[PDB]
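As stored in my_file-v2.txt (compact mmCIF, N, CA and C atoms and all ligand atoms):
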```txt
# COMPACT_ATOMS: atom_id res chain seq x y z
N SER P 2 170.58 76.92 3.70
CA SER P 2 170.70 78.19 2.88
C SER P 2 172.02 78.89 3.26
N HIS P 3 172.47 79.78 2.38
CA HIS P 3 173.71 80.49 2.52
C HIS P 3 173.85 81.71 1.87
N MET P 4 175.20 81.92 1.90
CA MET P 4 176.01 83.08 1.55
C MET P 4 175.35 83.69 0.38
N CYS P 5 175.40 83.04 -0.73
CA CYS P 5 175.02 83.85 -1.80
C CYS P 5 173.67 83.50 -2.34
N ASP P 6 172.75 83.07 -1.54
CA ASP P 6 171.49 82.53 -2.12
C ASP P 6 170.83 83.51 -3.05
N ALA P 7 170.79 84.77 -2.61
CA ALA P 7 170.09 85.78 -3.34
C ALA P 7 170.71 86.14 -4.69
N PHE P 8 171.97 85.72 -4.94
CA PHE P 8 172.61 85.90 -6.24
C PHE P 8 172.33 84.75 -7.20
N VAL P 9 172.00 83.55 -6.68
CA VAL P 9 171.90 82.41 -7.52
C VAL P 9 170.76 82.56 -8.53
N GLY P 10 171.02 82.12 -9.75
CA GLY P 10 170.00 82.13 -10.80
C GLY P 10 170.55 82.54 -12.12
N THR P 11 169.65 82.85 -13.03
CA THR P 11 169.98 83.21 -14.38
C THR P 11 169.49 84.66 -14.58
N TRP P 12 170.39 85.51 -15.03
CA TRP P 12 170.20 86.93 -15.08
C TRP P 12 170.47 87.46 -16.47
N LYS P 13 169.79 88.48 -16.91
CA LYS P 13 169.96 89.08 -18.25
C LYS P 13 170.25 90.57 -18.11
N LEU P 14 171.22 91.09 -18.88
CA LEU P 14 171.57 92.50 -18.82
C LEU P 14 170.43 93.35 -19.39
N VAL P 15 170.02 94.36 -18.67
CA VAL P 15 168.95 95.28 -19.09
C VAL P 15 169.43 96.69 -19.26
N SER P 16 170.50 97.14 -18.67
CA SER P 16 170.98 98.48 -18.88
C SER P 16 172.50 98.55 -18.63
N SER P 17 173.13 99.50 -19.25
CA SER P 17 174.52 99.77 -19.02
C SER P 17 174.81 101.24 -19.10
N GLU P 18 175.66 101.74 -18.29
CA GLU P 18 176.03 103.14 -18.32
C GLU P 18 177.53 103.24 -18.18
N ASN P 19 178.13 104.07 -19.03
CA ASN P 19 179.55 104.37 -18.98
C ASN P 19 180.48 103.26 -19.23
N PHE P 20 180.03 102.18 -19.85
CA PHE P 20 180.89 101.01 -20.02
C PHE P 20 182.02 101.29 -20.99
N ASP P 21 181.80 102.08 -22.05
CA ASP P 21 182.89 102.38 -22.98
C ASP P 21 184.02 103.12 -22.25
N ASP P 22 183.70 104.07 -21.42
CA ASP P 22 184.69 104.82 -20.69
C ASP P 22 185.40 103.94 -19.70
N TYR P 23 184.72 103.03 -19.03
CA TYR P 23 185.37 102.05 -18.12
C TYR P 23 186.35 101.20 -18.93
N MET P 24 185.92 100.66 -20.07
CA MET P 24 186.82 99.86 -20.87
C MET P 24 188.01 100.62 -21.37
N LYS P 25 187.85 101.90 -21.74
CA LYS P 25 188.99 102.73 -22.11
C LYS P 25 190.02 102.82 -20.97
N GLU P 26 189.50 103.04 -19.76
CA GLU P 26 190.35 103.20 -18.60
C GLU P 26 191.10 101.87 -18.33
N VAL P 27 190.48 100.71 -18.55
CA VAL P 27 191.08 99.42 -18.39
C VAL P 27 192.16 99.17 -19.43
N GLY P 28 192.06 99.80 -20.56
CA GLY P 28 193.00 99.66 -21.68
C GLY P 28 192.53 98.80 -22.89
N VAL P 29 191.21 98.60 -22.96
CA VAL P 29 190.63 97.78 -24.01
C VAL P 29 190.71 98.58 -25.34
N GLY P 30 191.12 97.93 -26.39
CA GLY P 30 191.23 98.52 -27.71
C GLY P 30 189.87 98.75 -28.38
N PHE P 31 189.93 99.58 -29.45
CA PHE P 31 188.75 100.05 -30.10
C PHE P 31 187.83 98.90 -30.52
N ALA P 32 188.30 97.94 -31.30
CA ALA P 32 187.40 96.96 -31.87
C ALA P 32 186.72 96.13 -30.83
N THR P 33 187.50 95.72 -29.80
CA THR P 33 186.92 94.98 -28.66
C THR P 33 185.93 95.84 -27.94
N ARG P 34 186.21 97.12 -27.69
CA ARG P 34 185.17 97.93 -27.06
C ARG P 34 183.89 97.97 -27.81
N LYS P 35 183.98 98.15 -29.12
CA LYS P 35 182.75 98.31 -29.88
C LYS P 35 181.90 97.00 -29.81
N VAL P 36 182.56 95.88 -30.04
CA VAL P 36 181.81 94.60 -30.06
C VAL P 36 181.37 94.22 -28.70
N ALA P 37 182.24 94.35 -27.72
CA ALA P 37 181.88 93.99 -26.32
C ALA P 37 180.77 94.88 -25.77
N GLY P 38 180.81 96.18 -26.17
CA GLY P 38 179.78 97.09 -25.71
C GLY P 38 178.37 96.80 -26.23
N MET P 39 178.28 96.13 -27.38
CA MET P 39 177.02 95.69 -27.93
C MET P 39 176.43 94.50 -27.19
N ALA P 40 177.24 93.72 -26.51
CA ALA P 40 176.77 92.45 -25.96
C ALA P 40 175.69 92.67 -24.88
N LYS P 41 174.77 91.72 -24.83
CA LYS P 41 173.71 91.67 -23.83
C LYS P 41 173.79 90.34 -23.13
N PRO P 42 174.75 90.21 -22.21
CA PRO P 42 175.05 88.89 -21.65
C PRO P 42 173.98 88.42 -20.73
N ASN P 43 173.92 87.08 -20.65
CA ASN P 43 173.30 86.45 -19.51
C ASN P 43 174.37 85.99 -18.53
N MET P 44 174.08 86.11 -17.28
CA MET P 44 174.95 85.72 -16.23
C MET P 44 174.22 84.65 -15.39
N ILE P 45 174.92 83.52 -15.21
CA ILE P 45 174.38 82.37 -14.52
C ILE P 45 175.23 82.13 -13.28
N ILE P 46 174.63 82.26 -12.11
CA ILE P 46 175.34 82.13 -10.83
C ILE P 46 174.81 80.95 -10.09
N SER P 47 175.73 80.08 -9.62
CA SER P 47 175.38 78.90 -8.88
C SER P 47 176.37 78.66 -7.76
N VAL P 48 175.94 77.91 -6.77
CA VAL P 48 176.77 77.57 -5.61
C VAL P 48 176.68 76.10 -5.38
N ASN P 49 177.79 75.46 -5.11
CA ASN P 49 177.85 74.03 -4.74
C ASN P 49 178.86 73.90 -3.62
N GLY P 50 178.38 73.72 -2.41
CA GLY P 50 179.31 73.76 -1.26
C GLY P 50 179.95 75.15 -1.10
N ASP P 51 181.25 75.20 -1.00
CA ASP P 51 181.97 76.44 -0.91
C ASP P 51 182.34 77.03 -2.27
N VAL P 52 182.03 76.36 -3.34
CA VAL P 52 182.42 76.81 -4.67
C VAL P 52 181.29 77.57 -5.36
N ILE P 53 181.59 78.82 -5.70
CA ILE P 53 180.69 79.67 -6.46
C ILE P 53 181.14 79.64 -7.91
N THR P 54 180.18 79.52 -8.81
CA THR P 54 180.45 79.58 -10.27
C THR P 54 179.64 80.72 -10.86
N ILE P 55 180.30 81.55 -11.66
CA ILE P 55 179.66 82.64 -12.41
C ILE P 55 180.00 82.42 -13.88
N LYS P 56 178.99 82.17 -14.69
CA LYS P 56 179.10 82.06 -16.14
C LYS P 56 178.53 83.27 -16.81
N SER P 57 179.15 83.75 -17.86
CA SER P 57 178.60 84.80 -18.71
C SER P 57 178.56 84.23 -20.12
N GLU P 58 177.36 84.31 -20.66
CA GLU P 58 177.12 83.84 -22.04
C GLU P 58 176.65 85.01 -22.88
N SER P 59 177.31 85.26 -24.00
CA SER P 59 176.92 86.33 -24.90
C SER P 59 177.40 86.02 -26.30
N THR P 60 176.99 86.87 -27.24
CA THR P 60 177.44 86.68 -28.61
C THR P 60 178.92 86.93 -28.72
N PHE P 61 179.51 87.70 -27.84
CA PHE P 61 180.94 88.05 -27.88
C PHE P 61 181.85 86.95 -27.41
N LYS P 62 181.53 86.41 -26.23
CA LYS P 62 182.34 85.38 -25.56
C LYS P 62 181.50 84.66 -24.55
N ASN P 63 181.80 83.40 -24.33
CA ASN P 63 181.26 82.66 -23.19
C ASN P 63 182.36 82.37 -22.22
N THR P 64 182.22 82.84 -20.98
CA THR P 64 183.28 82.78 -19.93
C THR P 64 182.68 82.12 -18.70
N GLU P 65 183.56 81.53 -17.91
CA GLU P 65 183.14 80.93 -16.67
C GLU P 65 184.24 81.05 -15.65
N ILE P 66 183.92 81.43 -14.42
CA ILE P 66 184.84 81.37 -13.30
C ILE P 66 184.19 80.55 -12.20
N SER P 67 185.03 79.78 -11.51
CA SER P 67 184.66 79.11 -10.25
C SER P 67 185.68 79.45 -9.19
N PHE P 68 185.23 79.67 -7.97
CA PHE P 68 186.15 80.21 -6.92
C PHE P 68 185.55 79.92 -5.55
N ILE P 69 186.45 80.04 -4.56
CA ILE P 69 186.11 80.05 -3.15
C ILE P 69 186.36 81.45 -2.62
N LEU P 70 185.45 81.98 -1.82
CA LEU P 70 185.63 83.32 -1.30
C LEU P 70 186.94 83.45 -0.56
N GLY P 71 187.67 84.54 -0.85
CA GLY P 71 188.95 84.84 -0.24
C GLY P 71 190.16 84.18 -0.81
N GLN P 72 189.99 83.31 -1.79
CA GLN P 72 191.07 82.46 -2.30
C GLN P 72 191.40 82.88 -3.74
N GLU P 73 192.57 83.41 -3.95
CA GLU P 73 192.98 83.99 -5.26
C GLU P 73 192.96 82.92 -6.35
N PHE P 74 192.65 83.34 -7.55
CA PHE P 74 192.65 82.48 -8.72
C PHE P 74 193.10 83.25 -9.93
N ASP P 75 193.49 82.50 -10.96
CA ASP P 75 193.95 83.19 -12.17
C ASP P 75 192.62 83.20 -13.15
N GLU P 76 192.51 84.30 -13.89
CA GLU P 76 191.38 84.51 -14.73
C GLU P 76 191.99 85.07 -16.08
N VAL P 77 191.46 84.65 -17.21
CA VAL P 77 191.67 85.28 -18.47
C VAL P 77 190.36 86.03 -18.72
N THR P 78 190.35 87.36 -18.76
CA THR P 78 189.11 88.05 -18.89
C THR P 78 188.60 88.03 -20.33
N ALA P 79 187.37 88.51 -20.54
CA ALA P 79 186.74 88.45 -21.87
C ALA P 79 187.51 89.26 -22.91
N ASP P 80 188.20 90.28 -22.44
CA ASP P 80 189.16 91.08 -23.29
C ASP P 80 190.61 90.60 -23.27
N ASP P 81 190.87 89.40 -22.73
CA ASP P 81 192.19 88.70 -22.84
C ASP P 81 193.34 89.18 -21.96
N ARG P 82 193.06 89.88 -20.88
CA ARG P 82 194.05 90.19 -19.82
C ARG P 82 194.22 88.89 -18.99
N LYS P 83 195.44 88.67 -18.53
CA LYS P 83 195.79 87.60 -17.60
C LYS P 83 195.82 88.26 -16.24
N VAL P 84 194.80 87.98 -15.39
CA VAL P 84 194.70 88.70 -14.17
C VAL P 84 194.69 87.69 -12.96
N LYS P 85 195.05 88.21 -11.81
CA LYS P 85 194.88 87.45 -10.61
C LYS P 85 193.74 88.09 -9.82
N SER P 86 192.77 87.26 -9.49
CA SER P 86 191.47 87.72 -8.95
C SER P 86 191.24 87.14 -7.59
N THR P 87 190.61 87.97 -6.74
CA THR P 87 190.13 87.51 -5.41
C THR P 87 188.75 88.07 -5.22
N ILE P 88 187.79 87.19 -4.83
CA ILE P 88 186.39 87.59 -4.63
C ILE P 88 186.05 87.32 -3.16
N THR P 89 185.49 88.31 -2.50
CA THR P 89 185.06 88.23 -1.14
C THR P 89 183.59 88.72 -1.03
N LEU P 90 182.96 88.42 0.09
CA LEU P 90 181.65 88.90 0.45
C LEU P 90 181.84 89.95 1.55
N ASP P 91 181.45 91.20 1.34
CA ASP P 91 181.60 92.26 2.27
C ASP P 91 180.25 92.91 2.50
N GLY P 92 179.67 92.63 3.66
CA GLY P 92 178.38 93.17 3.91
C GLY P 92 177.34 92.88 2.87
N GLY P 93 177.33 91.64 2.46
CA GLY P 93 176.32 91.23 1.45
C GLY P 93 176.63 91.54 -0.06
N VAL P 94 177.73 92.20 -0.34
CA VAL P 94 178.19 92.56 -1.67
C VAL P 94 179.32 91.68 -2.08
N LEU P 95 179.25 91.09 -3.26
CA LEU P 95 180.40 90.33 -3.80
C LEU P 95 181.39 91.32 -4.38
N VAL P 96 182.62 91.32 -3.87
CA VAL P 96 183.65 92.25 -4.28
C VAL P 96 184.75 91.48 -5.00
N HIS P 97 184.97 91.77 -6.25
CA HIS P 97 185.89 91.05 -7.15
C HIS P 97 186.99 91.98 -7.58
N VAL P 98 188.23 91.73 -7.09
CA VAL P 98 189.38 92.52 -7.43
C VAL P 98 190.24 91.76 -8.41
N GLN P 99 190.59 92.42 -9.52
CA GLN P 99 191.47 91.87 -10.56
C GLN P 99 192.74 92.67 -10.63
N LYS P 100 193.87 92.00 -10.60
CA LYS P 100 195.18 92.64 -10.61
C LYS P 100 195.97 92.15 -11.81
N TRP P 101 196.63 93.05 -12.54
CA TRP P 101 197.52 92.69 -13.60
C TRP P 101 198.35 93.87 -13.95
N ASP P 102 199.64 93.60 -14.31
CA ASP P 102 200.54 94.67 -14.81
C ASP P 102 200.58 95.90 -13.92
N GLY P 103 200.58 95.69 -12.62
CA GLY P 103 200.53 96.76 -11.64
C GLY P 103 199.26 97.56 -11.50
N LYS P 104 198.21 97.16 -12.21
CA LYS P 104 196.94 97.80 -12.29
C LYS P 104 195.95 96.96 -11.48
N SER P 105 194.81 97.57 -11.22
CA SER P 105 193.73 96.91 -10.49
C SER P 105 192.39 97.48 -10.89
N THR P 106 191.38 96.63 -10.92
CA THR P 106 189.98 97.03 -11.11
C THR P 106 189.14 96.25 -10.17
N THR P 107 188.03 96.85 -9.70
CA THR P 107 187.14 96.22 -8.76
C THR P 107 185.72 96.19 -9.33
N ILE P 108 185.11 95.01 -9.28
CA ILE P 108 183.74 94.78 -9.71
C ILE P 108 182.94 94.34 -8.55
N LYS P 109 181.88 95.14 -8.20
CA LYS P 109 180.99 94.84 -7.11
C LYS P 109 179.65 94.40 -7.64
N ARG P 110 179.08 93.35 -7.07
CA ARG P 110 177.78 92.82 -7.45
C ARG P 110 176.91 92.79 -6.21
N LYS P 111 175.71 93.35 -6.33
CA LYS P 111 174.81 93.45 -5.19
C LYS P 111 173.38 93.25 -5.66
N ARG P 112 172.55 92.76 -4.78
CA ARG P 112 171.12 92.67 -5.00
C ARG P 112 170.46 93.93 -4.50
N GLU P 113 169.64 94.52 -5.40
CA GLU P 113 168.87 95.76 -5.12
C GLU P 113 167.48 95.56 -5.70
N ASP P 114 166.45 95.44 -4.83
CA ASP P 114 165.12 95.12 -5.28
C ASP P 114 165.20 93.80 -6.06
N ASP P 115 164.59 93.67 -7.25
CA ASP P 115 164.64 92.48 -8.03
C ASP P 115 165.78 92.49 -9.01
N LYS P 116 166.71 93.38 -8.88
CA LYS P 116 167.87 93.47 -9.80
C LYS P 116 169.14 92.98 -9.13
N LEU P 117 170.09 92.67 -10.01
CA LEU P 117 171.46 92.46 -9.66
C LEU P 117 172.23 93.57 -10.31
N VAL P 118 172.86 94.42 -9.49
CA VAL P 118 173.58 95.61 -9.97
C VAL P 118 175.08 95.35 -9.89
N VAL P 119 175.74 95.63 -10.99
CA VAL P 119 177.17 95.39 -11.16
C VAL P 119 177.84 96.76 -11.33
N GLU P 120 178.77 97.09 -10.46
CA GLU P 120 179.50 98.33 -10.55
C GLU P 120 180.99 98.03 -10.77
N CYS P 121 181.51 98.53 -11.88
CA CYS P 121 182.87 98.26 -12.32
C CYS P 121 183.65 99.55 -12.21
N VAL P 122 184.77 99.55 -11.46
CA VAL P 122 185.53 100.73 -11.20
C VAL P 122 186.96 100.56 -11.61
N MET P 123 187.50 101.52 -12.35
CA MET P 123 188.91 101.55 -12.76
C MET P 123 189.35 103.01 -12.57
N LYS P 124 190.30 103.25 -11.64
CA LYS P 124 190.65 104.53 -11.16
C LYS P 124 189.39 105.31 -10.80
N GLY P 125 189.27 106.43 -11.41
CA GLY P 125 188.09 107.28 -11.15
C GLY P 125 186.83 106.98 -11.96
N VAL P 126 186.86 105.98 -12.81
CA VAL P 126 185.75 105.73 -13.75
C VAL P 126 184.92 104.55 -13.32
N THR P 127 183.61 104.75 -13.19
CA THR P 127 182.64 103.71 -12.84
C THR P 127 181.69 103.43 -14.00
N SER P 128 181.40 102.19 -14.20
CA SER P 128 180.30 101.75 -15.05
C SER P 128 179.33 100.96 -14.22
N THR P 129 178.03 101.18 -14.47
CA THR P 129 176.97 100.51 -13.80
C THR P 129 176.21 99.66 -14.79
N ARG P 130 176.05 98.38 -14.51
CA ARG P 130 175.38 97.41 -15.38
C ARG P 130 174.30 96.74 -14.56
N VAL P 131 173.07 96.75 -15.02
CA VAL P 131 171.94 96.23 -14.28
C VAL P 131 171.39 94.98 -14.96
N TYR P 132 171.18 93.93 -14.18
CA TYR P 132 170.61 92.69 -14.62
C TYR P 132 169.28 92.41 -13.94
N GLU P 133 168.37 91.77 -14.68
CA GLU P 133 167.10 91.30 -14.17
C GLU P 133 167.05 89.78 -14.31
N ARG P 134 166.16 89.10 -13.57
CA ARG P 134 166.03 87.65 -13.71
C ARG P 134 165.58 87.32 -15.11
N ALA P 135 166.11 86.25 -15.64
CA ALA P 135 165.77 85.84 -16.98
C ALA P 135 164.47 85.08 -16.97
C1 LIG F 201 186.49 94.49 -20.20
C2 LIG F 201 186.11 93.71 -21.39
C3 LIG F 201 184.65 93.69 -21.50
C4 LIG F 201 186.78 94.29 -22.61
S1 LIG F 201 186.81 92.05 -21.18
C5 LIG F 201 186.08 91.20 -19.89
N1 LIG F 201 186.26 89.95 -19.78
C6 LIG F 201 185.69 89.21 -18.70
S2 LIG F 201 185.95 87.58 -18.64
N2 LIG F 201 184.92 89.91 -17.83
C7 LIG F 201 184.73 91.18 -17.99
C8 LIG F 201 183.83 91.85 -17.03
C9 LIG F 201 183.34 91.19 -15.92
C10 LIG F 201 182.49 91.81 -15.06
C11 LIG F 201 182.05 93.10 -15.27
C12 LIG F 201 182.54 93.76 -16.43
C13 LIG F 201 183.43 93.13 -17.29
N3 LIG F 201 185.26 91.97 -19.03
```

Mind converting the file's structure to structure tokens?
Amino acid sequence: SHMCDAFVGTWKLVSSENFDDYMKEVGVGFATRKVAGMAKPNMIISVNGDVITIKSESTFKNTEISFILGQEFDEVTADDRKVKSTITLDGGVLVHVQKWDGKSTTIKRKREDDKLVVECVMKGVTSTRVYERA
């Protein structure tokens, strides 16, 4: 057993708060905000050796990242930014930093009770997204 055992599985979005304001702060345009904000993604997390894979499947986009903790990778996000990302484990929380165009956003994922809670921060603006097991 390991690092991210408690994250592994298939998860479904059940609530979102402040996501439009987070996307505004990130610089997402109107049409993408409206459509992306409607999405109810499933998130599929798996581990194979040192490689973690996170898939998001939704009506908007299907995305997948695979990474090793601490090791930077390039990501094209669901809203089409070209970012450089590094994901680490800090006290049991997966911390995902995305950098582009001199900007940065941090996405934290943690297990709380039977949920997976995702907190997305851009400057002073936070969005909280809660997932339950599918
Ligand atoms: C910002 C958006 C929704 C316009 S674009 C986008 N693309 C990818 S791939 N991932 C995300 C993402 C990942 C984790 C938490 C919140 C968002 N967003």

Measure the distance from atom C of residue 95 (chain P) to CA of residue 30 (chain P) in Å and round it to one decimal.
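Distance between the two atoms: 26.3 Å.
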
So which residues are near ligand LIG 201 (chain F), meaning at most 7 Å away with only C-alpha atoms and all ligand atoms counted, given back as a PyMOL selection string?
chain P and resi 24+27+29+33-34+37+64+77-81+108+119+121

Of the residues P:56, P:51, P:86, P:40, which is the one nearest to residue 17 (chain P), using only C-alpha atoms?
P:40

State, in Å with one decimal place, the distance from atom N of residue 104 (chain P) to atom C of residue 124 (chain P).
12.1 Å

Å distance separating CA of residue 22 (chain P) from CA of residue 105 (chain P), one decimal place:
15.8 Å

Considering only strand (DSSP E) as DSSP defines it on the backbone, what residues of chain P qualify? List them as a ChimeraX atom specification.
/P:10-18,43-49,52-58,63-68,74-77,83-91,94-101,104-113,116-123,126-134

So which residues touch residue 52 (chain P) within 5 Å, counting only N, CA and C atoms, skipping near sequence neighbours fewer than 3 positions away, as a PyMOL selection string?
chain P and resi 48-49+68

Counting only C-alpha atoms, which residues come within 12 Å of (170.4, 80.2, -18.1), with the point read in the file's coordinates, and could you list them as number ranges by chain?
P: 9-13, 42-47, 55-59, 134-135

Restricted to N, CA and C atoms, what would the selected residues look like written as a PDB file, keeping the file's coordinate frame?
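File again.pdb, as written:
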```pdb
ATOM      1  N   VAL P   9     172.000  83.550  -6.680  1.00  0.00           N
ATOM      2  CA  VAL P   9     171.900  82.410  -7.520  1.00  0.00           C
ATOM      3  C   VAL P   9     170.760  82.560  -8.530  1.00  0.00           C
ATOM      4  N   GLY P  10     171.020  82.120  -9.750  1.00  0.00           N
ATOM      5  CA  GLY P  10     170.000  82.130 -10.800  1.00  0.00           C
ATOM      6  C   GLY P  10     170.550  82.540 -12.120  1.00  0.00           C
ATOM      7  N   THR P  11     169.650  82.850 -13.030  1.00  0.00           N
ATOM      8  CA  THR P  11     169.980  83.210 -14.380  1.00  0.00           C
ATOM      9  C   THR P  11     169.490  84.660 -14.580  1.00  0.00           C
ATOM     10  N   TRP P  12     170.390  85.510 -15.030  1.00  0.00           N
ATOM     11  CA  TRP P  12     170.200  86.930 -15.080  1.00  0.00           C
ATOM     12  C   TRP P  12     170.470  87.460 -16.470  1.00  0.00           C
ATOM     13  N   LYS P  13     169.790  88.480 -16.910  1.00  0.00           N
ATOM     14  CA  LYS P  13     169.960  89.080 -18.250  1.00  0.00           C
ATOM     15  C   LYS P  13     170.250  90.570 -18.110  1.00  0.00           C
ATOM     16  N   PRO P  42     174.750  90.210 -22.210  1.00  0.00           N
ATOM     17  CA  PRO P  42     175.050  88.890 -21.650  1.00  0.00           C
ATOM     18  C   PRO P  42     173.980  88.420 -20.730  1.00  0.00           C
ATOM     19  N   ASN P  43     173.920  87.080 -20.650  1.00  0.00           N
ATOM     20  CA  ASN P  43     173.300  86.450 -19.510  1.00  0.00           C
ATOM     21  C   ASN P  43     174.370  85.990 -18.530  1.00  0.00           C
ATOM     22  N   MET P  44     174.080  86.110 -17.280  1.00  0.00           N
ATOM     23  CA  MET P  44     174.950  85.720 -16.230  1.00  0.00           C
ATOM     24  C   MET P  44     174.220  84.650 -15.390  1.00  0.00           C
ATOM     25  N   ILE P  45     174.920  83.520 -15.210  1.00  0.00           N
ATOM     26  CA  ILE P  45     174.380  82.370 -14.520  1.00  0.00           C
ATOM     27  C   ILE P  45     175.230  82.130 -13.280  1.00  0.00           C
ATOM     28  N   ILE P  46     174.630  82.260 -12.110  1.00  0.00           N
ATOM     29  CA  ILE P  46     175.340  82.130 -10.830  1.00  0.00           C
ATOM     30  C   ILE P  46     174.810  80.950 -10.090  1.00  0.00           C
ATOM     31  N   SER P  47     175.730  80.080  -9.620  1.00  0.00           N
ATOM     32  CA  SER P  47     175.380  78.900  -8.880  1.00  0.00           C
ATOM     33  C   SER P  47     176.370  78.660  -7.760  1.00  0.00           C
ATOM     34  N   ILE P  55     180.300  81.550 -11.660  1.00  0.00           N
ATOM     35  CA  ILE P  55     179.660  82.640 -12.410  1.00  0.00           C
ATOM     36  C   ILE P  55     180.000  82.420 -13.880  1.00  0.00           C
ATOM     37  N   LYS P  56     178.990  82.170 -14.690  1.00  0.00           N
ATOM     38  CA  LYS P  56     179.100  82.060 -16.140  1.00  0.00           C
ATOM     39  C   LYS P  56     178.530  83.270 -16.810  1.00  0.00           C
ATOM     40  N   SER P  57     179.150  83.750 -17.860  1.00  0.00           N
ATOM     41  CA  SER P  57     178.600  84.800 -18.710  1.00  0.00           C
ATOM     42  C   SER P  57     178.560  84.230 -20.120  1.00  0.00           C
ATOM     43  N   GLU P  58     177.360  84.310 -20.660  1.00  0.00           N
ATOM     44  CA  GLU P  58     177.120  83.840 -22.040  1.00  0.00           C
ATOM     45  C   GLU P  58     176.650  85.010 -22.880  1.00  0.00           C
ATOM     46  N   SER P  59     177.310  85.260 -24.000  1.00  0.00           N
ATOM     47  CA  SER P  59     176.920  86.330 -24.900  1.00  0.00           C
ATOM     48  C   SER P  59     177.400  86.020 -26.300  1.00  0.00           C
ATOM     49  N   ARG P 134     166.160  89.100 -13.570  1.00  0.00           N
ATOM     50  CA  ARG P 134     166.030  87.650 -13.710  1.00  0.00           C
ATOM     51  C   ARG P 134     165.580  87.320 -15.110  1.00  0.00           C
ATOM     52  N   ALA P 135     166.110  86.250 -15.640  1.00  0.00           N
ATOM     53  CA  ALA P 135     165.770  85.840 -16.980  1.00  0.00           C
ATOM     54  C   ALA P 135     164.470  85.080 -16.970  1.00  0.00           C
TER      55      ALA P 135
END
```

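Of the listed residues P:4, P:41, P:14, P:122, the one whose atoms come nearest to residue 107 (chain P) is P:122, with distances taken using only N, CA and C atoms.
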
For the structure I just gave you, how does DSSP split chain P - specifically, which residues are alpha helix (DSSP H)? Reply as a PDB file with N, CA and C atoms, keeping the file's coordinate frame.
```pdb
ATOM      1  N   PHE P  20     180.030 102.180 -19.850  1.00  0.00           N
ATOM      2  CA  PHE P  20     180.890 101.010 -20.020  1.00  0.00           C
ATOM      3  C   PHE P  20     182.020 101.290 -20.990  1.00  0.00           C
ATOM      4  N   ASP P  21     181.800 102.080 -22.050  1.00  0.00           N
ATOM      5  CA  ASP P  21     182.890 102.380 -22.980  1.00  0.00           C
ATOM      6  C   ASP P  21     184.020 103.120 -22.250  1.00  0.00           C
ATOM      7  N   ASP P  22     183.700 104.070 -21.420  1.00  0.00           N
ATOM      8  CA  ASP P  22     184.690 104.820 -20.690  1.00  0.00           C
ATOM      9  C   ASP P  22     185.400 103.940 -19.700  1.00  0.00           C
ATOM     10  N   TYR P  23     184.720 103.030 -19.030  1.00  0.00           N
ATOM     11  CA  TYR P  23     185.370 102.050 -18.120  1.00  0.00           C
ATOM     12  C   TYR P  23     186.350 101.200 -18.930  1.00  0.00           C
ATOM     13  N   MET P  24     185.920 100.660 -20.070  1.00  0.00           N
ATOM     14  CA  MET P  24     186.820  99.860 -20.870  1.00  0.00           C
ATOM     15  C   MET P  24     188.010 100.620 -21.370  1.00  0.00           C
ATOM     16  N   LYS P  25     187.850 101.900 -21.740  1.00  0.00           N
ATOM     17  CA  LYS P  25     188.990 102.730 -22.110  1.00  0.00           C
ATOM     18  C   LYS P  25     190.020 102.820 -20.970  1.00  0.00           C
ATOM     19  N   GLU P  26     189.500 103.040 -19.760  1.00  0.00           N
ATOM     20  CA  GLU P  26     190.350 103.200 -18.600  1.00  0.00           C
ATOM     21  C   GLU P  26     191.100 101.870 -18.330  1.00  0.00           C
ATOM     22  N   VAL P  27     190.480 100.710 -18.550  1.00  0.00           N
ATOM     23  CA  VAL P  27     191.080  99.420 -18.390  1.00  0.00           C
ATOM     24  C   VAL P  27     192.160  99.170 -19.430  1.00  0.00           C
ATOM     25  N   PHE P  31     189.930  99.580 -29.450  1.00  0.00           N
ATOM     26  CA  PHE P  31     188.750 100.050 -30.100  1.00  0.00           C
ATOM     27  C   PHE P  31     187.830  98.900 -30.520  1.00  0.00           C
ATOM     28  N   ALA P  32     188.300  97.940 -31.300  1.00  0.00           N
ATOM     29  CA  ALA P  32     187.400  96.960 -31.870  1.00  0.00           C
ATOM     30  C   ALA P  32     186.720  96.130 -30.830  1.00  0.00           C
ATOM     31  N   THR P  33     187.500  95.720 -29.800  1.00  0.00           N
ATOM     32  CA  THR P  33     186.920  94.980 -28.660  1.00  0.00           C
ATOM     33  C   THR P  33     185.930  95.840 -27.940  1.00  0.00           C
ATOM     34  N   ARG P  34     186.210  97.120 -27.690  1.00  0.00           N
ATOM     35  CA  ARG P  34     185.170  97.930 -27.060  1.00  0.00           C
ATOM     36  C   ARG P  34     183.890  97.970 -27.810  1.00  0.00           C
ATOM     37  N   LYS P  35     183.980  98.150 -29.120  1.00  0.00           N
ATOM     38  CA  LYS P  35     182.750  98.310 -29.880  1.00  0.00           C
ATOM     39  C   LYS P  35     181.900  97.000 -29.810  1.00  0.00           C
ATOM     40  N   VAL P  36     182.560  95.880 -30.040  1.00  0.00           N
ATOM     41  CA  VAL P  36     181.810  94.600 -30.060  1.00  0.00           C
ATOM     42  C   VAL P  36     181.370  94.220 -28.700  1.00  0.00           C
ATOM     43  N   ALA P  37     182.240  94.350 -27.720  1.00  0.00           N
ATOM     44  CA  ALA P  37     181.880  93.990 -26.320  1.00  0.00           C
ATOM     45  C   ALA P  37     180.770  94.880 -25.770  1.00  0.00           C
ATOM     46  N   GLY P  38     180.810  96.180 -26.170  1.00  0.00           N
ATOM     47  CA  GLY P  38     179.780  97.090 -25.710  1.00  0.00           C
ATOM     48  C   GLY P  38     178.370  96.800 -26.230  1.00  0.00           C
ATOM     49  N   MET P  39     178.280  96.130 -27.380  1.00  0.00           N
ATOM     50  CA  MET P  39     177.020  95.690 -27.930  1.00  0.00           C
ATOM     51  C   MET P  39     176.430  94.500 -27.190  1.00  0.00           C
TER      52      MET P  39
END
```

Which neighbours of residue 15 (chain P) fall inside 6.5 Å, counting all atoms listed in the file, when residues of the same chain fewer than 4 positions from it are skipped, and could you give them as a list in words?
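Non-adjacent residues within range: residues 130, 131, 132 and 133 of chain P.
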